[PDB]
>>> print(open('target.csv').read())   # CSV, C-alpha atoms and all ligand atoms
chain,number,residue,atom,x,y,z
G,12,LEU,CA,-47.0,-24.1,-8.3
G,13,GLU,CA,-45.1,-22.5,-5.2
G,14,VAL,CA,-44.4,-25.2,-2.8
G,15,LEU,CA,-46.2,-25.1,0.5
G,16,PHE,CA,-44.9,-25.0,4.0
G,17,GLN,CA,-41.4,-23.8,3.0
G,18,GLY,CA,-41.4,-20.0,3.5
G,19,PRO,CA,-39.7,-18.2,6.3
G,20,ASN,CA,-40.7,-18.8,9.9
G,21,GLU,CA,-41.3,-16.4,12.7
G,22,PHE,CA,-37.7,-16.1,13.6
G,23,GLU,CA,-36.9,-14.2,10.4
G,24,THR,CA,-39.0,-11.2,11.6
G,25,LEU,CA,-37.0,-9.2,14.2
G,26,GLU,CA,-37.5,-6.3,16.4
G,27,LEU,CA,-35.9,-3.3,14.6
G,28,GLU,CA,-33.3,-2.9,17.4
G,29,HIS,CA,-32.2,-6.6,16.9
G,30,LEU,CA,-32.1,-6.0,13.1
G,31,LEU,CA,-29.9,-3.0,13.7
G,32,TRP,CA,-27.4,-5.2,15.6
G,33,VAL,CA,-27.4,-7.6,12.7
G,34,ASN,CA,-26.9,-4.7,10.3
G,35,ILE,CA,-24.0,-3.3,12.4
G,36,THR,CA,-22.3,-6.7,12.6
G,37,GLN,CA,-22.7,-7.3,8.9
G,38,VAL,CA,-21.3,-4.0,7.8
G,39,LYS,CA,-18.3,-4.3,10.2
G,40,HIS,CA,-17.5,-7.8,8.9
G,41,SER,CA,-17.9,-6.8,5.2
G,42,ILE,CA,-16.0,-3.5,5.3
G,43,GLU,CA,-13.1,-5.1,7.4
G,44,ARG,CA,-12.8,-8.2,5.2
G,45,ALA,CA,-12.3,-6.0,2.1
G,46,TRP,CA,-10.0,-3.6,3.9
G,47,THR,CA,-7.8,-6.4,5.4
G,48,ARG,CA,-7.1,-7.8,1.9
G,49,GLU,CA,-6.0,-4.5,0.6
G,50,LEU,CA,-3.7,-3.9,3.6
G,51,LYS,CA,-2.2,-7.4,3.5
G,52,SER,CA,1.1,-6.3,2.0
G,53,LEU,CA,1.7,-4.3,5.1
G,54,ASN,CA,0.7,-7.2,7.4
G,55,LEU,CA,-1.8,-5.1,9.3
G,56,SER,CA,-5.0,-6.3,10.8
G,57,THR,CA,-7.7,-3.8,11.7
G,58,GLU,CA,-6.7,-3.8,15.4
G,59,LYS,CA,-2.9,-3.4,14.7
G,60,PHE,CA,-3.8,-0.4,12.5
G,61,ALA,CA,-6.1,1.0,15.2
G,62,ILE,CA,-3.4,0.7,17.9
G,63,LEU,CA,-0.7,2.3,15.4
G,64,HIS,CA,-3.1,5.1,14.8
G,65,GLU,CA,-3.8,5.7,18.5
G,66,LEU,CA,-0.2,5.7,19.3
G,67,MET,CA,0.4,8.3,16.5
G,68,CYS,CA,-2.2,10.5,18.1
G,69,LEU,CA,-0.2,10.2,21.3
G,70,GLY,CA,3.0,11.3,19.7
G,71,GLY,CA,4.3,7.8,19.1
G,72,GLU,CA,5.0,7.1,22.8
G,73,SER,CA,2.6,6.3,25.7
G,74,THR,CA,1.9,3.7,28.4
G,75,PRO,CA,-0.4,0.7,28.3
G,76,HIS,CA,-2.9,2.4,30.6
G,77,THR,CA,-3.1,5.6,28.7
G,78,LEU,CA,-3.5,3.7,25.4
G,79,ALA,CA,-6.3,1.5,26.9
G,80,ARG,CA,-8.2,4.6,28.1
G,81,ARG,CA,-8.2,6.1,24.6
G,82,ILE,CA,-9.5,3.1,22.6
G,83,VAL,CA,-12.6,1.1,23.0
G,84,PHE,CA,-11.0,-2.3,23.1
G,85,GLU,CA,-10.7,-4.3,26.3
G,86,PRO,CA,-7.3,-3.9,28.1
G,87,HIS,CA,-6.4,-7.6,27.7
G,88,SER,CA,-7.1,-7.2,24.0
G,89,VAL,CA,-4.9,-4.0,23.8
G,90,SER,CA,-2.1,-5.9,25.6
G,91,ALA,CA,-2.3,-8.9,23.3
G,92,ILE,CA,-2.2,-6.7,20.2
G,93,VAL,CA,0.7,-4.6,21.6
G,94,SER,CA,2.6,-8.0,22.3
G,95,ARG,CA,2.1,-9.1,18.7
G,96,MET,CA,3.2,-5.7,17.4
G,97,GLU,CA,6.4,-5.9,19.7
G,98,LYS,CA,7.1,-9.3,18.0
G,99,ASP,CA,6.5,-7.7,14.6
G,100,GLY,CA,9.2,-4.9,15.5
G,101,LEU,CA,6.4,-2.2,15.5
G,102,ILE,CA,6.5,-1.4,19.2
G,103,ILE,CA,9.5,-1.1,21.5
G,104,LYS,CA,8.7,-1.6,25.2
G,105,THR,CA,11.0,-0.1,27.8
G,106,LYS,CA,11.0,-0.1,31.6
G,107,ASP,CA,10.3,3.2,33.0
G,108,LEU,CA,13.6,4.3,34.8
G,110,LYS,CA,8.7,3.8,38.3
G,111,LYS,CA,9.3,0.1,39.1
G,112,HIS,CA,7.0,-2.1,37.0
G,113,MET,CA,5.7,0.6,34.6
G,114,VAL,CA,6.3,0.0,30.9
G,115,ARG,CA,6.5,2.7,28.2
G,116,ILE,CA,5.5,1.7,24.7
G,117,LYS,CA,7.0,3.5,21.6
G,118,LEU,CA,6.5,3.1,17.9
G,119,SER,CA,9.6,2.1,16.0
G,120,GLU,CA,10.4,4.3,12.9
G,121,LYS,CA,9.4,1.1,10.9
G,122,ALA,CA,6.0,1.3,12.4
G,123,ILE,CA,5.7,5.1,11.7
G,124,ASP,CA,6.7,4.5,8.0
G,125,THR,CA,4.2,1.6,7.8
G,126,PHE,CA,1.5,3.9,9.2
G,127,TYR,CA,2.5,6.5,6.5
G,128,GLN,CA,1.7,3.9,3.9
G,129,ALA,CA,-1.3,2.3,5.6
G,130,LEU,CA,-3.2,5.6,6.2
G,131,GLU,CA,-3.1,6.6,2.6
G,132,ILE,CA,-4.3,3.2,1.3
G,133,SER,CA,-6.9,3.0,4.1
G,134,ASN,CA,-8.4,6.4,3.2
G,135,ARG,CA,-8.8,5.4,-0.4
G,136,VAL,CA,-10.3,2.0,0.6
G,137,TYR,CA,-12.9,3.5,2.9
G,138,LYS,CA,-13.7,6.3,0.3
G,139,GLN,CA,-14.4,3.8,-2.4
G,140,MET,CA,-16.3,1.5,-0.1
G,141,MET,CA,-18.7,4.2,1.0
G,142,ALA,CA,-19.2,5.9,-2.3
G,143,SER,CA,-22.7,4.6,-2.6
G,144,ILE,CA,-24.0,6.7,0.3
G,145,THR,CA,-24.2,10.4,0.1
G,146,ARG,CA,-22.4,13.0,2.2
G,147,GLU,CA,-25.6,13.7,4.0
G,148,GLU,CA,-26.2,10.0,4.7
G,149,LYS,CA,-22.6,9.7,6.0
G,150,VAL,CA,-23.0,12.8,8.3
G,151,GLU,CA,-26.3,11.4,9.7
G,152,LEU,CA,-24.9,7.9,10.1
G,153,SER,CA,-22.0,9.3,12.2
G,154,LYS,CA,-24.5,11.3,14.3
G,155,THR,CA,-26.8,8.4,15.0
G,156,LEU,CA,-23.9,6.0,15.7
G,157,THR,CA,-22.4,8.6,18.0
G,158,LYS,CA,-25.7,8.8,19.9
G,159,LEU,CA,-25.8,5.1,20.3
G,160,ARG,CA,-22.1,4.9,21.4
G,161,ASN,CA,-22.7,7.7,24.0
G,162,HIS,CA,-25.8,5.9,25.4
G,163,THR,CA,-24.3,2.5,25.6
G,164,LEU,CA,-20.5,2.8,26.4
G,165,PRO,CA,-21.4,3.9,30.0
G,166,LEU,CA,-23.5,0.8,30.6
G,167,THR,CA,-20.2,-1.1,31.1
G,168,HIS,CA,-17.3,1.4,30.9
G,169,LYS,CA,-17.8,3.7,33.9
G,170,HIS,CA,-15.1,6.3,33.7
G,171,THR,CA,-12.5,3.8,32.3
G,172,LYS,CA,-12.5,5.3,28.8
G,173,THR,CA,-11.8,8.8,27.5
G,174,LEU,CA,-12.0,7.9,23.9
G,175,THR,CA,-9.9,9.9,21.4
G,176,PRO,CA,-12.0,12.8,20.2
G,177,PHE,CA,-11.7,12.3,16.5
G,178,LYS,CA,-12.9,15.1,14.2
G,179,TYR,CA,-13.7,15.2,10.5
G,180,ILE,CA,-14.2,18.4,8.3
C,12,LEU,CA,-2.8,29.8,31.1
C,13,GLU,CA,-3.5,26.9,28.6
C,14,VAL,CA,-0.3,25.0,28.1
C,15,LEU,CA,1.3,25.2,24.7
C,16,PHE,CA,2.1,22.4,22.2
C,17,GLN,CA,-0.1,19.8,23.8
C,18,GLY,CA,-3.3,19.9,21.8
C,19,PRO,CA,-4.3,17.2,19.3
C,20,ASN,CA,-2.2,16.5,16.3
C,21,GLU,CA,-3.2,15.9,12.7
C,22,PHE,CA,-3.9,12.3,13.2
C,23,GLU,CA,-7.0,13.1,15.2
C,24,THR,CA,-8.7,14.6,12.2
C,25,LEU,CA,-10.0,11.8,9.9
C,26,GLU,CA,-11.7,11.4,6.6
C,27,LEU,CA,-15.4,11.0,7.3
C,28,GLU,CA,-15.4,7.4,5.9
C,29,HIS,CA,-12.6,6.5,8.4
C,30,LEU,CA,-14.5,8.1,11.2
C,31,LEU,CA,-17.5,6.0,10.2
C,32,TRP,CA,-15.4,2.9,10.5
C,33,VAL,CA,-14.3,4.0,14.0
C,34,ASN,CA,-18.0,4.7,14.9
C,35,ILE,CA,-19.2,1.3,13.6
C,36,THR,CA,-16.5,-0.5,15.6
C,37,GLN,CA,-17.2,1.5,18.8
C,38,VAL,CA,-20.9,0.9,18.7
C,39,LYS,CA,-20.5,-2.9,18.0
C,40,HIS,CA,-18.0,-3.2,20.9
C,41,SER,CA,-20.2,-1.1,23.3
C,42,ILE,CA,-23.6,-2.8,22.6
C,43,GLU,CA,-22.0,-6.3,22.6
C,44,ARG,CA,-20.2,-5.9,25.9
C,45,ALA,CA,-23.4,-4.8,27.6
C,46,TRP,CA,-25.5,-7.5,25.9
C,47,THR,CA,-22.9,-10.3,26.7
C,48,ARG,CA,-23.1,-9.4,30.5
C,49,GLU,CA,-26.9,-9.7,30.5
C,50,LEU,CA,-26.8,-13.0,28.7
C,51,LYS,CA,-24.1,-14.5,30.9
C,52,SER,CA,-26.4,-16.8,32.8
C,53,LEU,CA,-27.3,-18.5,29.6
C,54,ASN,CA,-23.5,-18.9,28.6
C,55,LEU,CA,-24.1,-17.3,25.3
C,56,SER,CA,-21.7,-15.2,23.4
C,57,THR,CA,-23.0,-13.0,20.5
C,58,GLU,CA,-21.8,-15.5,17.9
C,59,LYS,CA,-23.3,-18.6,19.7
C,60,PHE,CA,-26.6,-16.6,19.8
C,61,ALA,CA,-26.3,-15.7,16.1
C,62,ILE,CA,-25.7,-19.4,15.1
C,63,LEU,CA,-28.6,-20.5,17.4
C,64,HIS,CA,-30.8,-17.9,15.8
C,65,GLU,CA,-29.8,-18.9,12.2
C,66,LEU,CA,-30.4,-22.6,12.9
C,67,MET,CA,-33.9,-21.7,14.3
C,68,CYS,CA,-34.7,-19.9,11.0
C,69,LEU,CA,-33.6,-23.1,9.3
C,70,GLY,CA,-36.0,-25.2,11.3
C,71,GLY,CA,-33.4,-26.4,13.8
C,72,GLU,CA,-31.6,-28.7,11.4
C,73,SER,CA,-29.2,-27.9,8.5
C,74,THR,CA,-25.7,-28.6,7.2
C,75,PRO,CA,-22.5,-26.6,7.7
C,76,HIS,CA,-22.5,-25.3,4.1
C,77,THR,CA,-26.1,-24.1,4.2
C,78,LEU,CA,-25.6,-22.4,7.6
C,79,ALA,CA,-22.4,-20.7,6.3
C,80,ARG,CA,-24.2,-19.4,3.2
C,81,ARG,CA,-26.9,-17.7,5.4
C,82,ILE,CA,-24.5,-15.9,7.9
C,83,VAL,CA,-21.9,-13.3,7.3
C,84,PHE,CA,-19.2,-15.0,9.3
C,85,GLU,CA,-16.3,-16.8,7.7
C,86,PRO,CA,-16.8,-20.6,7.3
C,87,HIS,CA,-13.8,-21.5,9.6
C,88,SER,CA,-15.5,-19.2,12.2
C,89,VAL,CA,-18.9,-20.9,11.8
C,90,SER,CA,-17.2,-24.3,12.2
C,91,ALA,CA,-15.3,-23.3,15.3
C,92,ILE,CA,-18.5,-21.9,16.9
C,93,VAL,CA,-20.5,-25.0,15.9
C,94,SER,CA,-17.7,-27.2,17.6
C,95,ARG,CA,-17.9,-25.2,20.8
C,96,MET,CA,-21.7,-25.5,20.8
C,97,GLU,CA,-21.4,-29.3,20.2
C,98,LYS,CA,-19.3,-29.4,23.3
C,99,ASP,CA,-21.8,-27.2,25.2
C,100,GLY,CA,-24.6,-29.9,24.2
C,101,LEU,CA,-26.4,-27.2,22.0
C,102,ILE,CA,-25.7,-28.9,18.6
C,103,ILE,CA,-25.8,-32.6,17.7
C,104,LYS,CA,-23.8,-33.6,14.6
C,105,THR,CA,-24.7,-36.7,12.8
C,106,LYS,CA,-23.3,-38.3,9.7
C,107,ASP,CA,-25.6,-38.1,6.7
C,108,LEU,CA,-26.7,-41.8,6.1
C,110,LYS,CA,-23.8,-39.0,1.6
C,111,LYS,CA,-20.3,-40.1,2.8
C,112,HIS,CA,-18.5,-37.2,4.6
C,113,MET,CA,-21.5,-34.9,4.9
C,114,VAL,CA,-22.5,-33.8,8.4
C,115,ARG,CA,-26.0,-32.7,9.5
C,116,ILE,CA,-26.2,-30.3,12.4
C,117,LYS,CA,-29.3,-30.1,14.7
C,118,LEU,CA,-30.2,-28.1,17.7
C,119,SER,CA,-30.8,-30.0,20.9
C,120,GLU,CA,-34.1,-29.3,22.7
C,121,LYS,CA,-31.8,-27.7,25.4
C,122,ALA,CA,-30.6,-25.3,22.8
C,123,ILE,CA,-34.1,-24.5,21.6
C,124,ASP,CA,-35.2,-23.8,25.2
C,125,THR,CA,-32.1,-21.6,25.7
C,126,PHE,CA,-33.0,-19.7,22.6
C,127,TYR,CA,-36.6,-19.3,24.1
C,128,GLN,CA,-35.0,-17.5,27.0
C,129,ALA,CA,-32.2,-15.6,25.2
C,130,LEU,CA,-34.4,-14.1,22.5
C,131,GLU,CA,-36.8,-12.5,25.1
C,132,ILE,CA,-33.9,-11.1,27.1
C,133,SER,CA,-32.1,-10.0,24.0
C,134,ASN,CA,-35.1,-8.1,22.7
C,135,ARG,CA,-35.4,-6.1,25.9
C,136,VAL,CA,-31.7,-5.4,26.1
C,137,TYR,CA,-31.5,-4.1,22.5
C,138,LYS,CA,-34.8,-2.0,23.1
C,139,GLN,CA,-33.4,-0.4,26.2
C,140,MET,CA,-30.0,0.3,24.6
C,141,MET,CA,-31.4,2.0,21.6
C,142,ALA,CA,-34.1,4.0,23.4
C,143,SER,CA,-32.1,7.3,22.8
C,144,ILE,CA,-32.7,7.2,19.1
C,145,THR,CA,-36.0,7.7,17.5
C,146,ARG,CA,-38.0,5.3,15.3
C,147,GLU,CA,-37.2,7.4,12.4
C,148,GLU,CA,-33.4,7.5,13.2
C,149,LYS,CA,-33.6,3.6,13.6
C,150,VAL,CA,-35.3,3.2,10.2
C,151,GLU,CA,-32.8,5.4,8.5
C,152,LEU,CA,-29.8,3.8,10.3
C,153,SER,CA,-31.0,0.3,8.9
C,154,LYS,CA,-31.4,1.7,5.5
C,155,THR,CA,-28.0,3.3,5.3
C,156,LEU,CA,-26.3,0.3,6.8
C,157,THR,CA,-28.1,-1.9,4.4
C,158,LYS,CA,-26.8,0.2,1.5
C,159,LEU,CA,-23.3,-0.1,2.8
C,160,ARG,CA,-23.6,-3.9,3.3
C,161,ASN,CA,-25.0,-4.3,-0.2
C,162,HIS,CA,-22.1,-2.3,-1.8
C,163,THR,CA,-19.3,-3.9,0.2
C,164,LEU,CA,-20.2,-7.6,0.8
C,165,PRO,CA,-19.7,-8.4,-3.0
C,166,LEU,CA,-16.2,-7.0,-2.9
C,167,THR,CA,-15.1,-10.2,-1.2
C,168,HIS,CA,-18.1,-12.6,-1.1
C,169,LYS,CA,-18.8,-13.4,-4.7
C,170,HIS,CA,-22.0,-15.5,-4.6
C,171,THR,CA,-20.9,-17.3,-1.5
C,172,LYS,CA,-23.5,-15.7,0.8
C,173,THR,CA,-27.3,-15.6,0.5
C,174,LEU,CA,-27.8,-13.9,3.8
C,175,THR,CA,-31.0,-14.6,5.7
C,176,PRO,CA,-33.5,-11.9,4.6
C,177,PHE,CA,-34.6,-10.6,8.0
C,178,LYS,CA,-37.6,-8.3,8.2
C,179,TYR,CA,-38.9,-6.0,10.9
C,180,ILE,CA,-42.5,-4.4,11.1
G,201,LIG,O1,-8.1,4.0,13.2
G,201,LIG,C1,-8.9,3.5,14.2
G,201,LIG,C2,-8.8,4.0,15.4
G,201,LIG,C3,-9.6,3.4,16.4
G,201,LIG,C4,-10.5,2.4,16.0
G,201,LIG,CL1,-11.6,1.6,17.3
G,201,LIG,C5,-10.6,1.9,14.8
G,201,LIG,CL2,-11.8,0.8,14.2
G,201,LIG,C6,-9.8,2.4,13.8
G,202,LIG,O1,-29.3,-12.8,15.7
G,202,LIG,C1,-28.2,-12.6,14.8
G,202,LIG,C2,-28.2,-13.2,13.6
G,202,LIG,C3,-27.1,-13.0,12.8
G,202,LIG,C4,-26.2,-12.1,13.2
G,202,LIG,CL1,-24.8,-11.7,12.1
G,202,LIG,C5,-26.2,-11.4,14.4
G,202,LIG,CL2,-25.1,-10.2,14.9
G,202,LIG,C6,-27.2,-11.7,15.3
>>> encode(input="target.csv", output="structure tokens")
Amino acid sequence: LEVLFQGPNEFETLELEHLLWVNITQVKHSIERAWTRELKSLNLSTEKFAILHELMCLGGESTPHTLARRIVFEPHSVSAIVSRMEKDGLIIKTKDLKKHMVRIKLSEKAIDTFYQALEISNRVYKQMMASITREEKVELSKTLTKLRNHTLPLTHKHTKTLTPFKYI
Amino acid sequence: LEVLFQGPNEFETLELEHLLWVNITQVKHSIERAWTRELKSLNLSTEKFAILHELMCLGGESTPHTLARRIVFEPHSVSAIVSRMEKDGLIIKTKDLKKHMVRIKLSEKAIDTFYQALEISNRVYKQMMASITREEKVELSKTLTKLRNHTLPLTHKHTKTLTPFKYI
């Protein structure tokens, strides 16, 4: 009845640490694809929202090097996102009055967009994660934080001082 | 002594579900940046390795639509990666003898590269995740699997039948 010689091969059984990498990548892709569609009317990708958010934690005004230190992304990535946001009218760049240093500031459009995006974003993430309990969320953050603290220094050696986000 | 009016503002305190999104994104970026440097001698990015791996689970030979169904990535992404791998000599594309259907096959170079990459990749992930216990790994996979199962159908409605990876 069942056909022979069809069933899965050895490459479908993974070490648990490799399966964890597949699980992390699948959840990041799934939760971001659903969030990006709900934020479409504000024309915000996940990385434009993360840079908006970091600049709101910095009081709406910083420099490229301080913004890069606070976020996980690579500096060339941070710069490309900031350029796209400058073209969208979300960031104003001005020369520091320090030769070659740039200051980056959110426009009041960007701050009002962040107004709107944070409220939608909070509902989206709450509905997405309603199938895990408060306890499972707290433990997931703790485990992921352990992994981030072990692994970020393997390639970022004093170059990041990531924003110390809290929850209650 | 401590300066006044400097400490963090309200945007540094998040809802736990938003902090979980930041934690997922930070761990994915940290573990991938360290893995990509160790795999550099094989010229494999994370997505070229994931497509190599999926095609090894499919017996080294499939079609673009079957490969896309098995992996989380978007089809245009899968196609762009497959094109880059065709240029690297990792994938051979041949016309099905079905007008307009393409078959994609790994070259024996690609299979030998996967030989080497899986062994390095397993050590890299084992060393990276040595700071969490077996129990914390098992629970992390379970929680992430719950989140993936809740959230993938919000935007992928019968378009994926993801490879059912196991661990022991
Ligand atoms: O709101 C944020 C802030 C930083 C990051 Cl890395 C992310 Cl994913 C979302
Ligand atoms: O080895 C793999 C297979 C699929 C995915 Cl999505 C990943 Cl991240 C790694």
>>> closest_residue(input="target.csv", among="G:117, G:80, G:59, G:168", to="chain C", atoms="all atoms listed in the file")
G:168
>>> atom_distance(input="target.csv", atom1="CA of residue 157 (chain G)", atom2="CA of residue 44 (chain C)")
16.7 Å
>>> calpha_fit_and_write(input="target.csv", fixed="chain C", moving="chain G", output="tab-separated table (two decimals) with C-alpha atoms, keeping the file's coordinate frame")
chain	number	residue	atom	x	y	z
G	12	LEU	CA	-2.72	29.84	31.10
G	13	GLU	CA	-3.45	26.86	28.57
G	14	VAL	CA	-0.31	25.02	28.07
G	15	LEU	CA	1.28	25.18	24.66
G	16	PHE	CA	2.18	22.47	22.25
G	17	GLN	CA	-0.12	19.85	23.84
G	18	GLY	CA	-3.33	19.85	21.76
G	19	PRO	CA	-4.31	17.19	19.31
G	20	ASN	CA	-2.18	16.47	16.27
G	21	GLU	CA	-3.14	15.91	12.70
G	22	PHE	CA	-3.94	12.30	13.18
G	23	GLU	CA	-7.03	13.11	15.25
G	24	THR	CA	-8.76	14.63	12.16
G	25	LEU	CA	-10.06	11.81	9.90
G	26	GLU	CA	-11.71	11.45	6.64
G	27	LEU	CA	-15.46	10.99	7.38
G	28	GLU	CA	-15.40	7.44	5.89
G	29	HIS	CA	-12.54	6.47	8.35
G	30	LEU	CA	-14.52	8.09	11.22
G	31	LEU	CA	-17.52	6.03	10.23
G	32	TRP	CA	-15.44	2.82	10.58
G	33	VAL	CA	-14.38	3.97	14.01
G	34	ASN	CA	-17.99	4.74	14.87
G	35	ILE	CA	-19.16	1.30	13.62
G	36	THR	CA	-16.46	-0.50	15.60
G	37	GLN	CA	-17.21	1.45	18.73
G	38	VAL	CA	-20.91	0.87	18.69
G	39	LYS	CA	-20.47	-2.89	17.99
G	40	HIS	CA	-18.02	-3.23	20.90
G	41	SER	CA	-20.20	-1.18	23.32
G	42	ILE	CA	-23.58	-2.74	22.49
G	43	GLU	CA	-22.06	-6.35	22.57
G	44	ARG	CA	-20.18	-5.83	25.85
G	45	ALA	CA	-23.43	-4.78	27.59
G	46	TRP	CA	-25.46	-7.50	25.92
G	47	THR	CA	-22.93	-10.29	26.76
G	48	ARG	CA	-23.15	-9.45	30.49
G	49	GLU	CA	-26.86	-9.67	30.51
G	50	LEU	CA	-26.83	-13.02	28.65
G	51	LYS	CA	-24.10	-14.52	30.84
G	52	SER	CA	-26.44	-16.75	32.81
G	53	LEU	CA	-27.22	-18.54	29.63
G	54	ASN	CA	-23.52	-18.83	28.66
G	55	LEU	CA	-24.08	-17.31	25.25
G	56	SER	CA	-21.67	-15.18	23.36
G	57	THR	CA	-22.92	-13.01	20.51
G	58	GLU	CA	-21.78	-15.54	17.86
G	59	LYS	CA	-23.32	-18.61	19.68
G	60	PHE	CA	-26.61	-16.66	19.81
G	61	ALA	CA	-26.30	-15.71	16.13
G	62	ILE	CA	-25.67	-19.34	15.07
G	63	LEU	CA	-28.69	-20.56	17.41
G	64	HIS	CA	-30.84	-17.99	15.77
G	65	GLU	CA	-29.83	-18.96	12.22
G	66	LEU	CA	-30.40	-22.54	12.92
G	67	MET	CA	-33.92	-21.69	14.28
G	68	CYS	CA	-34.66	-19.94	11.03
G	69	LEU	CA	-33.68	-23.16	9.30
G	70	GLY	CA	-36.04	-25.26	11.31
G	71	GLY	CA	-33.44	-26.36	13.83
G	72	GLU	CA	-31.60	-28.66	11.39
G	73	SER	CA	-29.22	-27.84	8.48
G	74	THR	CA	-25.71	-28.55	7.16
G	75	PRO	CA	-22.51	-26.62	7.71
G	76	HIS	CA	-22.57	-25.30	4.15
G	77	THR	CA	-26.09	-24.10	4.21
G	78	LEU	CA	-25.53	-22.39	7.59
G	79	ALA	CA	-22.32	-20.67	6.29
G	80	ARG	CA	-24.19	-19.32	3.24
G	81	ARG	CA	-26.84	-17.69	5.43
G	82	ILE	CA	-24.59	-15.82	7.90
G	83	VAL	CA	-21.90	-13.33	7.30
G	84	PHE	CA	-19.20	-15.01	9.31
G	85	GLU	CA	-16.29	-16.80	7.70
G	86	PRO	CA	-16.80	-20.62	7.33
G	87	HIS	CA	-13.85	-21.46	9.62
G	88	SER	CA	-15.42	-19.18	12.20
G	89	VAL	CA	-18.90	-20.87	11.77
G	90	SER	CA	-17.20	-24.29	12.19
G	91	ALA	CA	-15.32	-23.26	15.32
G	92	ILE	CA	-18.48	-21.86	16.91
G	93	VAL	CA	-20.54	-24.95	15.93
G	94	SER	CA	-17.69	-27.16	17.57
G	95	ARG	CA	-17.93	-25.18	20.80
G	96	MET	CA	-21.73	-25.40	20.77
G	97	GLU	CA	-21.46	-29.29	20.18
G	98	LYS	CA	-19.22	-29.36	23.33
G	99	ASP	CA	-21.78	-27.23	25.17
G	100	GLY	CA	-24.61	-29.89	24.21
G	101	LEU	CA	-26.35	-27.22	21.97
G	102	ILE	CA	-25.70	-28.90	18.64
G	103	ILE	CA	-25.84	-32.59	17.75
G	104	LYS	CA	-23.81	-33.53	14.66
G	105	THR	CA	-24.74	-36.65	12.73
G	106	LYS	CA	-23.32	-38.33	9.63
G	107	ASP	CA	-25.58	-38.13	6.77
G	108	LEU	CA	-26.69	-41.82	6.05
G	110	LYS	CA	-23.75	-39.00	1.59
G	111	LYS	CA	-20.28	-40.11	2.79
G	112	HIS	CA	-18.54	-37.25	4.62
G	113	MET	CA	-21.54	-34.87	4.90
G	114	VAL	CA	-22.53	-33.81	8.40
G	115	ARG	CA	-26.01	-32.64	9.49
G	116	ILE	CA	-26.18	-30.26	12.41
G	117	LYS	CA	-29.31	-30.13	14.70
G	118	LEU	CA	-30.22	-28.07	17.71
G	119	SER	CA	-30.78	-30.06	20.86
G	120	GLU	CA	-34.11	-29.28	22.72
G	121	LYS	CA	-31.75	-27.69	25.39
G	122	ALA	CA	-30.54	-25.30	22.80
G	123	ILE	CA	-34.13	-24.50	21.58
G	124	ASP	CA	-35.22	-23.80	25.24
G	125	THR	CA	-32.10	-21.64	25.75
G	126	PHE	CA	-32.98	-19.70	22.58
G	127	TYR	CA	-36.56	-19.26	24.01
G	128	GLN	CA	-35.01	-17.54	26.98
G	129	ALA	CA	-32.21	-15.70	25.18
G	130	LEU	CA	-34.48	-14.07	22.52
G	131	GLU	CA	-36.75	-12.52	25.05
G	132	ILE	CA	-33.90	-11.06	27.17
G	133	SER	CA	-32.05	-9.98	24.00
G	134	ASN	CA	-35.06	-8.05	22.67
G	135	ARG	CA	-35.42	-6.16	25.90
G	136	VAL	CA	-31.64	-5.45	26.03
G	137	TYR	CA	-31.49	-4.05	22.52
G	138	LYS	CA	-34.78	-2.03	23.10
G	139	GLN	CA	-33.38	-0.35	26.15
G	140	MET	CA	-30.00	0.20	24.58
G	141	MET	CA	-31.42	2.02	21.59
G	142	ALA	CA	-34.06	4.02	23.34
G	143	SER	CA	-32.16	7.22	22.85
G	144	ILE	CA	-32.64	7.22	19.07
G	145	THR	CA	-35.98	7.70	17.53
G	146	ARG	CA	-37.96	5.31	15.34
G	147	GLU	CA	-37.14	7.42	12.37
G	148	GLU	CA	-33.42	7.44	13.21
G	149	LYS	CA	-33.53	3.62	13.62
G	150	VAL	CA	-35.35	3.14	10.23
G	151	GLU	CA	-32.78	5.40	8.47
G	152	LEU	CA	-29.83	3.77	10.22
G	153	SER	CA	-31.00	0.32	8.97
G	154	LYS	CA	-31.40	1.75	5.44
G	155	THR	CA	-27.99	3.33	5.29
G	156	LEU	CA	-26.28	0.29	6.86
G	157	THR	CA	-28.11	-1.92	4.40
G	158	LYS	CA	-26.78	0.21	1.53
G	159	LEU	CA	-23.29	-0.09	2.80
G	160	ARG	CA	-23.60	-3.90	3.37
G	161	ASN	CA	-24.99	-4.35	-0.21
G	162	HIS	CA	-22.10	-2.30	-1.72
G	163	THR	CA	-19.35	-3.92	0.18
G	164	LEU	CA	-20.24	-7.66	0.82
G	165	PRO	CA	-19.66	-8.38	-2.94
G	166	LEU	CA	-16.15	-6.95	-2.84
G	167	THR	CA	-15.06	-10.23	-1.18
G	168	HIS	CA	-18.07	-12.60	-1.04
G	169	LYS	CA	-18.89	-13.34	-4.69
G	170	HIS	CA	-21.95	-15.52	-4.66
G	171	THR	CA	-20.86	-17.37	-1.44
G	172	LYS	CA	-23.51	-15.74	0.75
G	173	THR	CA	-27.30	-15.59	0.52
G	174	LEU	CA	-27.79	-13.88	3.78
G	175	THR	CA	-31.03	-14.54	5.72
G	176	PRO	CA	-33.56	-11.96	4.64
G	177	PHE	CA	-34.57	-10.62	7.99
G	178	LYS	CA	-37.65	-8.37	8.18
G	179	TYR	CA	-38.93	-6.02	10.85
G	180	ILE	CA	-42.50	-4.41	11.04
>>> closest_residue(input="target.csv", among="C:67, C:58, C:72, C:125", to="chain G", atoms="all atoms listed in the file")
C:67
>>> residues_near_ligand(input="target.csv", ligand="ligand LIG 202 (chain G)", cutoff="10 Å", atoms="all atoms listed in the file", output="number ranges by chain")
G: 22-23, 25, 29-38, 40; C: 39, 43, 57-66, 68, 81-84, 130, 133, 174-175, 177
